[PDB]
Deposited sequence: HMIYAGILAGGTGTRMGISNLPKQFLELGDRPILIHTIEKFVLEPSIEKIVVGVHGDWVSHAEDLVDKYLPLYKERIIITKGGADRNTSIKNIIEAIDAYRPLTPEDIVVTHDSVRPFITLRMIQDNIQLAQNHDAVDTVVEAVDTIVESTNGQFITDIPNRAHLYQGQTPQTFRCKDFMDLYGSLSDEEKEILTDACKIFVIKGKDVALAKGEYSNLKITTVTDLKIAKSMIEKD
């Protein structure tokens, strides 16, 4: 079967970290992995040719390994779009897998990618997580605490999130627009459909670069 990387890049990913755009750092981490067929990057339609320029400029040796495609309005629409681009490259079979990952998580390691791929063999999906270190409070109303979850069972969700392309299409396709609005996480869709989602070990350093503070942390990390 095939294994693809699905890079969600639909913004800080076009910003330089060190001497290369964040997006490039992230794609770089996937190019060495021998078991990856293509690296499929979902970008906002207006930034597709820009993303292609970056590949030409920063990763010319890996041009043919990388497919830039139009992402969607939310992450799951981008995943679907990625899977469609994959299907257009080589018609999907039930066993073909996509390793989905945030563009702004440049500190992913081969160990994480490899664990995700390995876990996907015997499970429906894989979610990369770390132990939650934040104290988490629940409030449905946003006015008072409706409860405090048992912290012993809480994890901070990261990416990759890994699953069979066909499996994601089938489950996502079964959702109403209203359900898609609520079930914004790909693993959540598998979980609520009663599927087996294994935990993969993330890393505290697997930072998501969202805010200008995250950017500062990222810069300090590359030394």
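- Missing from the model, relative to the deposited sequence, are the stretches 11-21, 235-236.
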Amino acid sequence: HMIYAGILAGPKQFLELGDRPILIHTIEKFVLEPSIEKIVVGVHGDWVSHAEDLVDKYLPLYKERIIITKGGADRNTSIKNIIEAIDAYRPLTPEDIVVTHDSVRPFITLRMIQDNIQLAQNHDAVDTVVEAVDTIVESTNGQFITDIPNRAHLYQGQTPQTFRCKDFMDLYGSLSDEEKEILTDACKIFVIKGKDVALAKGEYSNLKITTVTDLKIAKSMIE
From here on, numbers count along this sequence of modelled residues.
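- Higher mean CA B-factor, judged across 125-133 and 106-114 from the recorded values: 125-133.
- Stretches compared: 166-174, 150-158. Higher mean C-alpha B-factor in the entry: 150-158.
- In the PDB entry, the Cα temperature factor peaks, among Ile97, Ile79, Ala73, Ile86, at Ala73.
- In this PDB entry, the Cα temperature factor of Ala198 sits in the middle third of its chain's modelled residues.
- Annotation for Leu8: C-alpha temperature factor in the lowest third relative to the rest of the modelled chain, per the entry.
- Sorting the modelled residues of the chain by their CA temperature factor places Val41 in the lowest third.
- In this PDB entry, the Cα temperature factor of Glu179 sits in the bottom third of its chain's modelled residues, the lowest group.
- Sort the modelled residues of the chain by CA B factor and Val212 lands in the highest third.
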